[PDB]
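A.B. asks:
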Amino acid sequence: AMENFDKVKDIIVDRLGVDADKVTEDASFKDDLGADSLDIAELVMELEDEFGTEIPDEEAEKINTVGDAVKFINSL
Amino acid sequence: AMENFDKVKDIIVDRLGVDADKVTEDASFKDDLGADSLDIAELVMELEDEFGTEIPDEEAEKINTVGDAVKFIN
Amino acid sequence: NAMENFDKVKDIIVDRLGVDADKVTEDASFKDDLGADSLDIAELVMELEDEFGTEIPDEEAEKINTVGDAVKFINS
Amino acid sequence: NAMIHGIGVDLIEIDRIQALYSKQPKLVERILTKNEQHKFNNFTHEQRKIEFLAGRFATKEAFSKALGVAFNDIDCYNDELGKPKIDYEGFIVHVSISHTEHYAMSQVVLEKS
Amino acid sequence: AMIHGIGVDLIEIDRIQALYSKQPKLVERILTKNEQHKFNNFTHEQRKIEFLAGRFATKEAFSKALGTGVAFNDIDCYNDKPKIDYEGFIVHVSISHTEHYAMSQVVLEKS
Amino acid sequence: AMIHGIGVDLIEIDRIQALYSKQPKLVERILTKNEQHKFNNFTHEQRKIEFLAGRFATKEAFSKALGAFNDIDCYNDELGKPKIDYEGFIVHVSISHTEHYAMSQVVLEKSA
């Protein structure tokens, strides 16, 4: 699951512009990464492109941390 | 020694608005903390106050990392 | 004590809040003449507390609409 | 006989650079030389990483105006005294870059011979 | 070469205003006594801050032009037109202000 | 010294836009008949404001290099490089625009 983690991290660092050292699995988007709902929408959409998966808001609203986003990938 | 480091970190954190996690001895102000000469100028003047001291630009410009500033006060 | 307290309140307003020296008169209105708001008023009050080593509850800060109000409280 | 060939200046919005970088990482390889790419990769603070890139872009854009071939062939480095610089046979290129939180700028002046 | 180096600096005036407001001794740290006469004579606060930000941009541009290695309060920029005196070079200067930014450029020519 | 002076100018495009909107005359006061043609030829209003702003800055920068707007003509050569002809000097110019700011840089070299 290290693969999916790094892929999620990549998106957060070079596409959302967040420092890599802040991206840990327990990091909160709104509290730690300064990423709002629009940014999470961008993350989620980018994850649909990188895995050919569809993520409805029902599951996108359940992601408040890095581990949440990761966890979800590993479920596919 | 490692006691002044905390007083230096507080200023960087509380005054300059830099996250605590980023403040390490080897962190570079311009490469790692997004701190320009003005910010450094502030740190320096803030230190002068908290340590009844003086810090000329000559010794101020020498500051590149957080450790330089502490190893200075020591 | 007389005009000294005014001087000290003027200095703060000028050097800290950035308002011109010539605009600072006893009758001056913070919100209507100096462009100061609750936040600037808060600033002013905090500097005065350090200045005179005292406490200025928020209850009293909201009473001062003019520079003369600030000076008076300090007189007390 | 003028001493200077031409002067150039460029002002650019950091956020516009960050935006393009984020949708097309390919911007790095297109704008920076391999030497510059290494230094760019040495940084860990994204803000600094984007400033650097914005600064180079500006410099090379201003260099083109001063000159009157290709961005990734033009190496901007720091000289003995720590001043940005470019090499180009026939001239001594002097460069200076300055950043703020939203803007990066650079000036270029080409003396000749 | 005939030109030693060039420099340019761009600073946000509001950052100067913030720092000056919290730290008054910033003036004696950045400005020389000669420059302090001009500063102390302005009665319009935005002008004082504008001038302070400009001299700072100048001092920064000058340091970049020279190539690091020069204390701020040992670099007297004076008018005539802005200029500086530093043995060995002929220092050319220009300044510009907007409501939020101040910039200066320095060109050091070899004697 | 080989250089007479250098000049630089930064100005907000929204301020030029504002003045031009309230006073079309601004143009005849800042641009030369030559520059007026160029300004009038652009069909994109944004581009006109950039041009005006760029020219105003140049004239301020040029003026600082020395020490009348309409008498300082800044034209573009075959390459589209900005120039200024001023007997007694060799003038080098360069302009740059952004969405909100315009800037010009001028350096005057003694010719004799």
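Just so you know, the sequences run in chain order K, H, L, A, B and C.
First residue of the first sequence: 0, per PDB author numbering; consecutive thereafter.
First residue of the second sequence: 0, per PDB author numbering; consecutive thereafter.
First residue of the third sequence: -1, per PDB author numbering; consecutive thereafter.
The fourth sequence lines up with residues -1 to 66, 73 to 117 when you count with PDB author numbering.
The fifth sequence lines up with residues 0 to 68, 73 to 83, 87 to 117 when you count with PDB author numbering.
The sixth sequence lines up with residues 0 to 66, 74 to 118 when you count with PDB author numbering.
Each residue gets a CB set at the ideal place from its N, CA and C atoms; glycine is no exception.
1) Does the stretch 1 to 10 of chain L touch the stretch 21 to 29 of chain B, meaning 3 or more C-beta pairs lie closer than 8 Å?
2) DSSP three-state label for C/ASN82, please.
3) Just verifying my parser: in three-state terms, what is the DSSP assignment at A/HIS43?
4) Taking DSSP's pairing of strands, which residues face L/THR64 in a bridge?
5) Taking only beta-carbon positions, decide if A/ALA108 is within less than 8 Å of chain C.
6) With 16 other CB atoms within 10 Å as the buried threshold, where does C/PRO23 fall?
7) Taking the continuous alpha helix (DSSP H) assigned at A/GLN22, which residues delimit it?
8) Could you spell out the range, first to last residue, of the alpha helix (DSSP H) harbouring L/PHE50?
9) Going by CA-CA distance only, name the one from C/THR57, C/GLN16, C/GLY86 that's closest to C/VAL112.
10) Does the stretch 87 to 98 of chain C touch the stretch 31 to 44 of chain C, meaning 3 or more C-beta pairs lie closer than 8 Å?
11) Looking at the structure shown, is L/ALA0 part of a helix, part of a strand, or coil, going by DSSP?
12) Applying the criterion that 16 or more other CB atoms from any shown protein chain within 10 Å of the CB defines a buried residue, is B/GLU59 buried or exposed?
13) Drop a sphere of 10 angstroms on the beta-carbon of C/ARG54, count the other beta-carbons inside from all chains shown, and report buried for 16 or more, exposed for fewer.
14) Anything in chain H within Cβ reach of A/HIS43, meaning under 7 Å, just list it in chain order.
15) Is K/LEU15 buried or exposed, if buried means 16 or more other CB atoms sit within 10 Å of its CB?
16) Grab me the residues of B/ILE96's own chain with a C-beta within less than 6 Å of its C-beta, minus the 5 sequence neighbours each way, in chain order.
17) For a contact defined as C-beta to C-beta under 8 Å, what are the partners of A/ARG46 on chain H?
18) Exposed or buried, A/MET109, counting other C-beta atoms within 10 Å across all chains shown (16 or more means buried)?
19) For C/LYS37, return the contacting residues in chain A, with the cut-off set at a CB-CB distance below 9 Å.
20) Check whether the Cβ of A/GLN22 lies closer than 8 Å to any Cβ atom in chain K.
21) Going by DSSP, what residue range makes up the beta strand (DSSP E) through C/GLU115?
22) In the structure shown, what three-state DSSP assignment does H/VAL69 receive?
23) Can you find a CB in chain B that lies within less than 8 Å of the CB of L/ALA19?
24) Using alpha carbons as the reference points, say which of A/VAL99, A/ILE48, A/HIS106, A/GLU105 lies closest to A/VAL7.
25) Take A/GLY94 and list the residues in its own chain whose beta-carbon comes closer than 8 Å to its own, dropping the five residues that flank it on each side.
26) Quick one: which residues of the stretch 3 to 15 of chain B get their C-beta closer than 8 Å to a C-beta of chain H? List them in chain order.
27) Going by C-alpha to C-alpha distance, which of K/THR52, K/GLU60, K/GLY51 sits closest to K/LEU37?
28) Look up C/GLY53 in the DSSP assignment and say whether it is helix, strand or coil.
29) Apply the 10 Å Cβ neighbour rule to H/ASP56 and answer buried if 16 or more other Cβ atoms are within range, or exposed otherwise.
30) Along chain A, in chain order, which residues have C-beta atoms closer than 8 Å to that of C/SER62?
31) Per the DSSP calculation, B/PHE95 is bridged to which residue(s)?
32) Of all the options L/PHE28, L/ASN(-1), L/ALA19, which has the alpha carbon lying nearest to the alpha carbon of L/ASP67?
33) Can you give me the C-alpha to C-alpha distance between B/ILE101 and K/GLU58, rounded to a whole angstrom?
34) Could you check what DSSP says for K/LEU32 in three-state terms: helix, strand or coil?
35) Could you check what DSSP says for B/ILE2 in three-state terms: helix, strand or coil?
36) Can you grab the Cα-Cα spacing for the pair C/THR31 / A/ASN(-1), in whole Å?
C.D. replies: In short, the structure shows the following:
1) no
2) Residue mapping note: residue 82 of chain C aligns to position 76 of the sixth sequence, counting from 1. In the structure shown, C/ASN82 sits in a strand (DSSP, three-state: E or B).
3) Numbered from its first residue, the fourth sequence carries residue 43 of chain A at position 45. Reduced to three states, the DSSP call for A/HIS43 is coil.
4) Mapped onto the third sequence, residue 64 of chain L falls at position 66. For L/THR64, which the question treats as bridged, DSSP gives the partners L/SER27.
5) Here the question's residue 108 of chain A lines up with position 104 in the fourth sequence. Judged by the 8 Å Cβ criterion, A/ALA108 is not in contact with chain C.
6) As a working mapping, residue 23 of chain C is identified with position 24 in the sixth sequence. Per the 10 Å Cβ criterion, exposed.
7) Taking the first residue of the fourth sequence as 1, we reach residue 22 of chain A at position 24. Per DSSP, A/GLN22 belongs to no alpha helix (DSSP H) and is neither H nor E.
8) On the third sequence, residue 50 of chain L is found 52 positions in, with the first residue counted as 1. That run of the alpha helix (DSSP H) goes 36 to 50.
9) Indexing the sixth sequence from 1 puts residue 112 of chain C at position 106. Considering only alpha carbons, the answer is C/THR57.
10) no
11) Locating residue 0 of chain L in the third sequence gives position 2, counting from the first residue. The answer is coil: DSSP assigns L/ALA0 none of H, G, I, E or B.
12) The residue labelled residue 59 of chain B in the question sits at position 60 within the fifth sequence. It is buried - the Cβ of B/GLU59 has at least 16 other Cβ atoms within 10 Å.
13) The count along the sixth sequence starts at 1 and reaches residue 54 of chain C at position 55. Counting every other CB atom within 10 Å of its CB across the protein chains shown gives C/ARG54 a total of 16 or more, marking it as buried.
14) Taking the fourth sequence and counting its residues from 1, the one referred to as residue 43 of chain A is at position 45. Within chain H, the residues near A/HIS43 are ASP30, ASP31, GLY33.
15) Position 16 of the first sequence, counted from the start, is the residue given in the question as residue 15 of chain K. Buried.
16) Numbered from 1 along the fifth sequence, position 90 holds the residue referred to as residue 96 of chain B. Result list for B/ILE96: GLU115, in chain order.
17) Stepping through the fourth sequence from its first residue, residue 46 of chain A is reached at position 48. Going along chain H in sequence order, the residues near A/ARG46 (Cβ under 8 Å) are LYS29, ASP30, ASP31, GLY33.
18) On the fourth sequence, residue 109 of chain A is found 105 positions in, with the first residue counted as 1. Under this definition A/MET109 is a buried residue.
19) Locating residue 37 of chain C in the sixth sequence gives position 38, where the first residue counts as 1. Those do not exist, as C/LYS37 stays about 18 Å from chain A at its closest Cβ, beyond 9 Å.
20) As a first step, residue 22 of chain A must be located in the fourth sequence, where it is residue number 24. Taking Cβ atoms only, chain K never reaches closer than 8 Å to A/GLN22, which makes this a no.
21) Position 109 of the sixth sequence, counting from 1, holds the residue named residue 115 of chain C. Going by DSSP, C/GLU115 is part of the beta strand (DSSP E) stretching over 107 to 116.
22) To locate residue 69 of chain H, count along the second sequence from 1; it is residue 70. H/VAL69 falls in the helix class under three-state DSSP.
23) As a first step, residue 19 of chain L is located in the third sequence; it is residue number 21 there, counting from the start. Closer than 8 Å to some Cβ of chain B, the Cβ of L/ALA19 qualifies, so yes.
24) Taking the fourth sequence and counting its residues from 1, the one referred to as residue 7 of chain A is at position 9. When each option's Cα is compared against that of A/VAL7, the closest is A/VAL99.
25) Mapped onto the fourth sequence, residue 94 of chain A falls at position 90. The residues are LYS116, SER117.
26) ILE10, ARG14, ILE15
27) In the first sequence, the residue the question calls residue 37 of chain K occupies position 38. The shortest Cα separation from K/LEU37 among K/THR52, K/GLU60, K/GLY51 belongs to K/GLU60.
28) Taking the sixth sequence and counting its residues from 1, one reaches residue 53 of chain C at position 54. Here C/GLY53 sits in helix by DSSP.
29) Here residue 56 of chain H refers to the residue found at position 57 of the second sequence. The residue is buried, with at least 16 neighbouring Cβ atoms inside 10 Å.
30) As a first step, residue 62 of chain C must be located in the sixth sequence, where it is residue number 63. Per Cβ cutoff of 8 Å: no residues; C/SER62 is ~17 Å from chain A at best.
31) In the fifth sequence, the residue the question calls residue 95 of chain B occupies position 89. B/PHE95 is bridged to B/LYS116.
32) Working through the third sequence from its first residue, we reach residue 67 of chain L at position 69. Considering only alpha carbons, the answer is L/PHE28.
33) Position 95 of the fifth sequence, counting from 1, holds the residue named residue 101 of chain B. Position 59 of the first sequence, counting from 1, holds the residue named residue 58 of chain K. Distance between the alpha carbons of B/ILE101 and K/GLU58: 55 Å.
34) One-based indexing of the first sequence puts residue 32 of chain K at position 33. When secondary structure is reduced to three states using DSSP, K/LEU32 falls in the helix class.
35) Residue mapping note: residue 2 of chain B aligns to position 3 of the fifth sequence, counting from 1. Strand.
36) In the sixth sequence, counting from the first residue as 1, residue 31 of chain C sits at position 32. In the fourth sequence, counting from the first residue as 1, residue -1 of chain A sits at position 1. Each residue's Cα considered, the two are about 28 Å apart.
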